[PDB]
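Below is one structure, written out as structure tokens; comments come after it.
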Amino acid sequence: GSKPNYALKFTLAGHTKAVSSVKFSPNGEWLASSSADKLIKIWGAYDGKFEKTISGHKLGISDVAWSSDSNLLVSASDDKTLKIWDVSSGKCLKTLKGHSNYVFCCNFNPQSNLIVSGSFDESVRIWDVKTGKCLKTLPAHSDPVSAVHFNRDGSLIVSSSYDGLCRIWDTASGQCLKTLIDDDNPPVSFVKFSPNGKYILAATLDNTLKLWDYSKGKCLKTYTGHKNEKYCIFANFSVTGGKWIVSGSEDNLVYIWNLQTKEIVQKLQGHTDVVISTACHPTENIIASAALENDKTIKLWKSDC
Ligand SMILES: CC(=O)N[C@@H](C)C(=O)N[C@@H](CCCc1ncc(CO)[nH]1)C(=O)N[C@H](C(N)=O)C(C)C
């Protein structure tokens with residue numbers, strides 16, 4: 030149909046503090062969740078079946094991300110480290126040390142030979158996956174780094190910060206290519222590249238999402254109607270059915286917009302706290318959503334469209 034009809038299929042309980050992030054494995058089999066409870070949990074994407082707990086961080090986790098081959102995870106923790114995990118064994122392969130404050134955000138490149146991280150220490154770091162060594166420290170921002178993401182060929186990194194900036198970095202040199210958003214305020218709470226790498230989706234803590242043309246440095250679309258003044262809420266491109274933008278909201282709902290028209294096409298009700306994180310299944314019309322401390326659950330929603 031022209032609009033989605035997402036309906037609740039499963040509620041995934043087990044975290045003992047706020048959930049911080051959910052991400053589907055690229056092969057579609059798994060959902061990974063991270064939590065302030067210091068744990069990663071792995072769940073079946075299709076039936077919500079609890080698979081395993083992955084443990085080792087000494088403080089809460091803000092983010093987790095999958096390698097391209099679905100075999101590895103990287104997590105970002107308040108313990109000032111990232112950890113690379115073998116999903117099959119649950120073992121920590123590498124501990125990435127160098128940040129001087131909470132690690133907030135992380136991602137693999139498409140090649141999955143590099144990890145990018147952002148920290149409360151106001152830096153972006155680029156790490157070698159094989160050795161766990163820090164290759165580059167970028168003095169990226171002047172306040173905590175809220176998001177980091179590689180583009181589809183891995184040649185670019187986009188970063189965002191509470192300093193109000195969005196910057197694009199040349200991966201190879203670590204040098205800045207452009208400052209896409211250059212305001213004192215509001216905080217830029219989330220950024221990522223579009224699937225094709227031509228656009229950047231950016232959240233600001235004034236209840237606004239924007240789709241930017243990277244090359245032209247111009248705003249193409251604005252999405253509003255949700256509540257986002259405090260938390261670094263993820264946003265997604267939904268591409269399996271209709272072309273949507275998806276985001277959590279501080280009114281405890283999942284918002285779904287038509288990417289082209291900017292109209293709200295669905296609001297998913299059921300969580301009892303802020304929806305901090307949403308993820309879109311790579312092949313099926315499935316959304317995962319996760320909520321803060323009142324709720325501490327993940328919900329799986331399925332649409333015909
Ligand atoms: C472990 C922890 O909570 N660390 C502090 C520093 C924190 O505030 N982390 C944030 C992480 C939000 C999720 C996120 N990761 C990456 C993005 C976008 O790139 N968004 C938070 O709101 N935590 C919640 C809070 N402060 O209430 C909960 C999960 C404790």
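Numbered per the authors' numbering, the sequence shown spans residues 30 to 334.
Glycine included, C-beta positions come from ideal geometry on N, C-alpha and C.
Pull up the distance between the alpha-carbon of residue i and that of residue j, whole angstroms please.
{"i": "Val217", "j": "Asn257", "result": "11 Å"}
{"i": "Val283", "j": "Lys250", "result": "19 Å"}
{"i": "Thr82", "j": "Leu68", "result": "7 Å"}
{"i": "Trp95", "j": "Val145", "result": "12 Å"}
{"i": "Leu101", "j": "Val116", "result": "6 Å"}
{"i": "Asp172", "j": "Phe149", "result": "7 Å"}
{"i": "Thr326", "j": "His44", "result": "7 Å"}
{"i": "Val294", "j": "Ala231", "result": "20 Å"}
{"i": "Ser97", "j": "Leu37", "result": "28 Å"}
{"i": "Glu151", "j": "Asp157", "result": "20 Å"}
{"i": "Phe219", "j": "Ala308", "result": "14 Å"}
{"i": "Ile210", "j": "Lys123", "result": "34 Å"}
{"i": "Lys245", "j": "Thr40", "result": "42 Å"}
{"i": "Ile155", "j": "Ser141", "result": "12 Å"}
{"i": "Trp273", "j": "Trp59", "result": "22 Å"}
My understanding is that residue i touches residue j, with C-beta atoms under 8 Å, so please give their C-beta distance in whole angstroms.
{"i": "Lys227", "j": "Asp242", "result": "7 Å"}
{"i": "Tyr252", "j": "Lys291", "result": "6 Å"}
{"i": "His310", "j": "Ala74", "result": "6 Å"}
{"i": "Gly270", "j": "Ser332", "result": "6 Å"}
Below 7 Å, is the gap between the Cβ of residue i and the nearest heavy atom of ligand 1?
{"i": "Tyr243", "result": "no"}
{"i": "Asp107", "result": "yes"}
{"i": "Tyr75", "result": "no"}
{"i": "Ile305", "result": "yes"}
{"i": "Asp92", "result": "yes"}
{"i": "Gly193", "result": "no"}
{"i": "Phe137", "result": "no"}
{"i": "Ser175", "result": "yes"}
{"i": "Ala320", "result": "no"}
{"i": "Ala47", "result": "yes"}
{"i": "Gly89", "result": "yes"}
{"i": "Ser50", "result": "yes"}
{"i": "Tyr284", "result": "no"}
{"i": "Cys309", "result": "no"}
{"i": "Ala169", "result": "no"}
{"i": "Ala61", "result": "no"}
{"i": "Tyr131", "result": "yes"}
{"i": "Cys163", "result": "no"}
On the CB-based measure, 16 or more other CB atoms within 10 Å of its CB, does residue i come out buried or exposed?
{"i": "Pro224", "result": "exposed"}
{"i": "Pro33", "result": "buried"}
{"i": "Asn265", "result": "buried"}
{"i": "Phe79", "result": "exposed"}
{"i": "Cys195", "result": "buried"}
{"i": "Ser129", "result": "exposed"}
{"i": "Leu164", "result": "exposed"}
{"i": "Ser64", "result": "buried"}
{"i": "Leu88", "result": "exposed"}
For a test of the three-state rule: what should DSSP assign to residue i, helix, strand or coil?
{"i": "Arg181", "result": "coil"}
{"i": "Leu240", "result": "strand"}
{"i": "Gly119", "result": "coil"}
{"i": "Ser31", "result": "coil"}
{"i": "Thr200", "result": "coil"}
{"i": "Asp280", "result": "coil"}
{"i": "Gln295", "result": "strand"}
{"i": "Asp76", "result": "coil"}
{"i": "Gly147", "result": "strand"}
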